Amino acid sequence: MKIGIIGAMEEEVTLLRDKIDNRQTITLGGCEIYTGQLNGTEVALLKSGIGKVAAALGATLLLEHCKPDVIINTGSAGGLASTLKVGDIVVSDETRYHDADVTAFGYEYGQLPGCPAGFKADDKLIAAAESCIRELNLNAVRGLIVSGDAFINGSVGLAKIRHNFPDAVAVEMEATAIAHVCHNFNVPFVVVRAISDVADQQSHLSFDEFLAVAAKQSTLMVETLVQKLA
């Protein structure tokens, strides 16, 4: 049982990194992987960097060099569903690209040729995460998470996403790329992130302020989830 964990930013991986025993590091392809035991569980924790390509590169390296059994994508996210507040958890049942458009060839908006329109997250991983949410008594929303190479702060950027993906519960910049890579190698995948902002209302300022809260909450979730899978 080796669990892969991927976060984009230093701030998102630092708490999980500090809790790894017999921690060794691989710096490769401009990313970092940290290997060891987390509460006596073998894990590979990747710091990918930001955006779709960084995440895809990182995910590929992780899968190649660490051969994890599953991948959990952790970190912050912009909340779209109205029940969500800063700190709350979001769990993917599906990921889609909100910025992909080959509709001129009759693909569905969001869909890239050779891909499904959206990528289904693993039902066992989702079940596990929902049990972790009940144990910890966290507030959480399960739903479609959308990814793009844009930081969303209201206006037409947010309106476009709500028009094209009315059911999207959160927006971010890596999850669908990781899902795409995992799909291609048939590795079970799930996103377990926490809200740093509401993708509007000066989200850049909320992000500066509440990223630490979001890192702490997703970290709590991930630790518990990893324990529960082992």
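Sequential numbering from 1, following the sequence displayed. Between two forms, the rigid core is the largest collection of C-alphas that superpose within 1.5 Å.
- Each structure in 4 other deposited structures of this protein is fitted to the shown form on the rigid core, and of 13-21 and 205-213 the C-alphas lie farther away on average for 205-213.
- For the pair 76-84 and 122-130, rigid core superposition yields a higher RMS C-alpha distance in 4 other deposited structures of this protein in 76-84.
- Here 65-73 and 184-192 are compared by their mean Cα B-factor, and 65-73 comes out higher.
- The PDB entry reports B-factors from which the mean C-alpha value can be compared for 171-179 and 23-31; the larger average falls on 23-31.
- Going by the entry's values, 41 shows the largest Cα B-factor out of 60, 41, 164, 203.
- The entry lists a Cα temperature factor for residue 86 that places it in the middle third of the chain's modelled residues.
- Annotation for residue 8: CA B-factor lies in the lowest third of the chain's modelled residues.
- Residue 132: CA B factor lies in the highest third for its chain, per the PDB record.
- For residue 124, the recorded CA temperature factor ranks within the highest third of the chain's modelled residues.
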